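So this first bit is one chain, no partners, the form deposited in one PDB entry, shown in structure tokens.
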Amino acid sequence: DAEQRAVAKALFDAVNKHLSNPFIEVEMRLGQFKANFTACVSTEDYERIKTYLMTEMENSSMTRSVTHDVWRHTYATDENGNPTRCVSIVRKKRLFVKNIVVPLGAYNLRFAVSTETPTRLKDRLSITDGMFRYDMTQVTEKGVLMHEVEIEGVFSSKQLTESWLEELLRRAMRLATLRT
């Protein structure tokens, strides 16, 4: 009856709260071997990858964000670069990691699949081309400045296909070999 419906609704809401919304992140990160794989590119190669992406872009769209990181707690920043407050808290567990065999002269590529479930400073610029998101991040994690580039997409319950993976590897190889 009516009381039963109130209990079941509460059980339903409590179940979903304990489920959360667990999505899957598939990413291909550029990097080098130089404590082995370092997910960074040179400054000059970084600016040329960006030149490539802005030339390629046609949707007149991008997102920039300066955040502070420290389960990871992400803190926003105001107009002067000072922290505001947490805008997200997420646990990232890597499920699958793989080194890609790249052509000679190319940047190395690391393939990573992670579950994300709702100190470093990140200045990130993100572009979308088709069903792929490009992230260009300048990271500082211990006084060291790293130029990071990755291509990625997120899935949950948007499902992952072999076609999307095939194009992800194609698009990543294009950035990895940009200088050659």
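Residues that one form lacks are left out of the comparison. Definition used throughout: the rigid core is the maximal C-alpha set that superposes within 1.5 Å between two forms. In this text, residue numbers run from 1 along the sequence as written.
The form deposited in another entry is left out here; the points below concern that form.
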Inset, instruction - Take the rigid core as the frame of reference and indicate whether the C-alpha of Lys17 shifts by 2 Å or more between the shown form and the other one. - result: yes
Inset, instruction - Determine whether the C-alpha of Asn59 shifts by 2 Å or more between the shown form and the other one once the rigid core is superposed. - result: yes
Inset, instruction - Regarding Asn21 and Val26, go with closer or farther for their CA spacing in that other deposited form versus this form, the difference being 3 Å or more. - result: closer
Legend entry - Direction of the Cα shift between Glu25 and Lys17 in that other deposited form, where the change is 3 Å or more: closer
Legend entry - Shared-residue segments moving between the shown form and the other one, Cα shift 2 Å or more over 3+ consecutive positions, core-fitted: 1-22, 59-61, 154-157, 178-180
